[PDB]
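Take a look at the structure below.
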Amino acid sequence: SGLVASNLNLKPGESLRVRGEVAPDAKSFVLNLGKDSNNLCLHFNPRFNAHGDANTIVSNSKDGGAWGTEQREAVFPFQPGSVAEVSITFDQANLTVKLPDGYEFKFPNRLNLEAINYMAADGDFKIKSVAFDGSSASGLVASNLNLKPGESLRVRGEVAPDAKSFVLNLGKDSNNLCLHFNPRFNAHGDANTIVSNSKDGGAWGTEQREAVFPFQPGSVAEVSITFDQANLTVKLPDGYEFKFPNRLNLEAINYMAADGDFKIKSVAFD
Ligand SMILES: OC[C@H]1O[C@@H](O[C@H]2[C@H](O)[C@@H](O)[C@@H](O)O[C@@H]2CO)[C@H](O)[C@@H](O)[C@H]1O
Ligand SMILES: OC[C@H]1O[C@@H](O[C@H]2[C@H](O)[C@@H](O)[C@H](O)O[C@@H]2CO)[C@H](O)[C@@H](O)[C@H]1O
């Protein structure tokens, strides 16, 4: 199992674009989309050699844990040991899935979900990035990460025109953060101040504040965070970096949550 993206708000007409690596010995992979793990508007399952299928896409819904009627396509534009991109557009009547070869297909919204709040990846596909339309990842929670020492995540977003604050939290869970990263445009009596902190068993550590503030209301921004056991390296927009001490005993980052006045356009996992 890989990434579980939750707290999404993919509204009708909006898409997510998942790019990943198909394993050299791929048998099967899954992208599960919907409300939660039990309530899927799309179980998208390319089966290379699994479940009685060879080189066949199987799609289904999952309602209260129950599988529905399966749909199989003829096209199979996936190859072990290659990069593939899959786009899923949410809509009220039908989802649209766009595959690597140009091919598209429809899958009915049977649960009549209002939005996609949840995407999980499983099987023989290593997610490299997820890209999001509109404000669908504004509250993104990325769980079941396994960001090991030396590994980075890259967040690209648009700061809101009237932005007060945004946050990127990285650690084990919401109470155990090796980095709470908090650019404050105008929040908690700080103006244009980056505040960083740890959180250990729910308790805030000692803040670190930066001098530079390479963010602007309304501007796109890219932030990269590299996890190492001693320090995290934060690559701020436009060629600035700083380090933040890792004050927790985590040996990997399993959790990233984004909130506030930053519309996440993509997350990439290096
Ligand atoms: O340390 C991160 C958290 O800060 C909280 O605000 C602090 C503030 O930064 C500090 O100057 C002092 O006044 O105490 C406040 C309360 O701990 C935020 O409220 C919180 O959201 C985090 O950003
Ligand atoms: O529907 C998705 C679901 O399929 C299950 O396997 C099915 C299989 O696809 C079908 O051809 C066969 O007749 O029944 C199987 C269930 O007994 C998988 O087990 C599950 O993981 C999903 O992929």
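Residue numbering restarts at 1 for every chain of the structure tokens, chains are lettered A, B, ... in their displayed order, and ligands are numbered from 1 as they appear.
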
For this session: Counting only C-alpha atoms and all ligand atoms, name the residues that have an atom within 7 Å of an atom of ligand 1; the answer should be given as a PyMOL selection string.
Result: chain A and resi 180+182+188+195-197+204-207

Problem set entry | Site check for ligand 2: residues at most 8 Å away, only C-alpha atoms and all ligand atoms, as a PyMOL selection string | chain A and resi 43+45+51-53+58-61+67-70

Taking 2 positions as the minimum chain separation for residues in the same chain, which residues sit within 8 Å of region 73-83 of chain A when counting only C-alpha atoms? Answer as a PDB file with C-alpha atoms, in the first residue's frame.
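Output (result_30.pdb):
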ATOM      1  CA  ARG A  19       1.699  10.040 -12.200  1.00  0.00           C
ATOM      2  CA  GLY A  20       3.639   7.035 -11.094  1.00  0.00           C
ATOM      3  CA  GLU A  21       5.999   4.260 -11.916  1.00  0.00           C
ATOM      4  CA  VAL A  22       4.620   0.848 -12.907  1.00  0.00           C
ATOM      5  CA  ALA A  23       6.837  -1.790 -11.266  1.00  0.00           C
ATOM      6  CA  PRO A  24       9.022  -4.010 -13.547  1.00  0.00           C
ATOM      7  CA  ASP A  25       7.251  -7.125 -12.239  1.00  0.00           C
ATOM      8  CA  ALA A  26       3.818  -5.471 -12.065  1.00  0.00           C
ATOM      9  CA  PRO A  46      -5.245  -2.385 -14.100  1.00  0.00           C
ATOM     10  CA  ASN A  55      -3.656  -7.044 -19.272  1.00  0.00           C
ATOM     11  CA  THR A  56      -7.197  -5.835 -18.417  1.00  0.00           C
ATOM     12  CA  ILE A  57      -8.523  -2.778 -16.727  1.00  0.00           C
ATOM     13  CA  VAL A  58     -11.250  -3.617 -14.245  1.00  0.00           C
ATOM     14  CA  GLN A  71     -16.637  -2.884 -16.100  1.00  0.00           C
ATOM     15  CA  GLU A  85      -0.182   9.060 -15.965  1.00  0.00           C
ATOM     16  CA  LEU A  99      -5.365   6.856 -19.916  1.00  0.00           C
ATOM     17  CA  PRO A 100      -1.833   7.104 -21.343  1.00  0.00           C
ATOM     18  CA  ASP A 101      -2.679   6.221 -24.972  1.00  0.00           C
ATOM     19  CA  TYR A 103      -8.020   6.685 -24.432  1.00  0.00           C
TER      20      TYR A 103
END

For this session: Calculate how many Å separate CA of residue 125 (chain A) from CA of residue 31 (chain A), rounding to one decimal.
Result: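 For CA of residue 125 (chain A) relative to CA of residue 31 (chain A), the distance reads 9.3 Å.
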
Seminar exercise, completed: What separates CA of residue 17 (chain A) and CA of residue 237 (chain A) is a distance of 23.3 Å

Exercise. Could you name the residues that touch residue 201 (chain A) at 9 Å or less, counting only C-alpha atoms, but leaving out those on the same chain fewer than 6 positions away, as a ChimeraX atom specification?
Worked result: /A:175-177

Please, could you write that set of residues out with N, CA, C and O atoms as a PDB file, in the first residue's frame?
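Okay, part38.pdb is ready:
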ATOM      1  N   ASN A 175      -0.609  15.039  15.974  1.00  0.00           N
ATOM      2  CA  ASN A 175      -0.027  15.363  17.278  1.00  0.00           C
ATOM      3  C   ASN A 175       1.491  15.252  17.351  1.00  0.00           C
ATOM      4  O   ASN A 175       2.079  15.572  18.375  1.00  0.00           O
ATOM      5  N   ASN A 176       2.103  14.691  16.297  1.00  0.00           N
ATOM      6  CA  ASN A 176       3.539  14.326  16.280  1.00  0.00           C
ATOM      7  C   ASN A 176       4.179  14.742  14.967  1.00  0.00           C
ATOM      8  O   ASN A 176       4.166  13.988  13.965  1.00  0.00           O
ATOM      9  N   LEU A 177       4.620  16.008  14.956  1.00  0.00           N
ATOM     10  CA  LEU A 177       5.081  16.665  13.749  1.00  0.00           C
ATOM     11  C   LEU A 177       6.548  17.001  13.880  1.00  0.00           C
ATOM     12  O   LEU A 177       6.939  17.692  14.821  1.00  0.00           O
TER      13      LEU A 177
END

Exercise. Region 20-210 of chain A: which residues are strand (DSSP E) by DSSP, as a ChimeraX atom specification?
Worked result: /A:20-22,29-36,39-50,53-63,66-67,71-72,82-89,94-98,104-108,118-123,125-132,141-143,152-159,166-173,176-187,190-200,203-204,208-209

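One finds CA of residue 9 (chain A) at 13.0 Å from CA of residue 131 (chain A).
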
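Closest approach to residue 1 (chain A) from the set A:198, A:249, A:32, A:144 is made by A:144, with distances taken over only C-alpha atoms.
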
For this session: Pick out the residues sitting within 6 Å of residue 166 (chain A), and hand them over as an MDAnalysis selection string; count only C-alpha atoms, and ignore anything fewer than 2 positions along from it in its own chain.
Result: chainID A and resid 182:183 259:262

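Among the candidates A:116, A:147, A:257, A:268, the residue lying nearest to residue 10 (chain A) is A:116 (atoms considered: only C-alpha atoms).
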
For this session: Would you list the contacts of residue 95 (chain A) as a list in words, taking every protein, DNA or RNA residue within 6 Å and counting only C-alpha atoms, but skipping same-chain residues closer than 4 positions in sequence?
Result: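 Counting only the stated atoms, we get residues 89, 90, 91, 106 and 107 of chain A.
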
Save out the residues we just selected, C-alpha atoms, as a PDB file, in the first residue's frame.
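Generated file (result.pdb):
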ATOM      1  CA  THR A  89     -12.437  13.708 -13.685  1.00  0.00           C
ATOM      2  CA  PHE A  90     -15.255  13.670 -11.134  1.00  0.00           C
ATOM      3  CA  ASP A  91     -18.775  14.494 -12.254  1.00  0.00           C
ATOM      4  CA  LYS A 106     -16.712   6.714 -18.518  1.00  0.00           C
ATOM      5  CA  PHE A 107     -17.690   5.099 -15.235  1.00  0.00           C
TER       6      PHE A 107
END

For this session: Return the single residue from A:242, A:213, A:44, A:269 that is closest to residue 152 (chain A), with distances computed using only C-alpha atoms.
Result: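 The shortest atom-to-atom distance to residue 152 (chain A) comes from A:269.
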
For this session: Find, counting only C-alpha atoms, the residue in A:6, A:226, A:49, A:174 that gets nearest to residue 151 (chain A).
Result: A:226

Problem set entry | Best match for closeness to residue 154 (chain A) among A:227, A:105, A:118, A:215, counting only C-alpha atoms |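 For residue 154 (chain A), the nearest of the given residues is A:227.
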
Exercise. Which is closer to residue 200 (chain A) than all the others in A:72, A:11, A:247, A:235, using only C-alpha atoms?
Worked result: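 Looking only at the distances to residue 200 (chain A), the closest residue turns out to be A:247.
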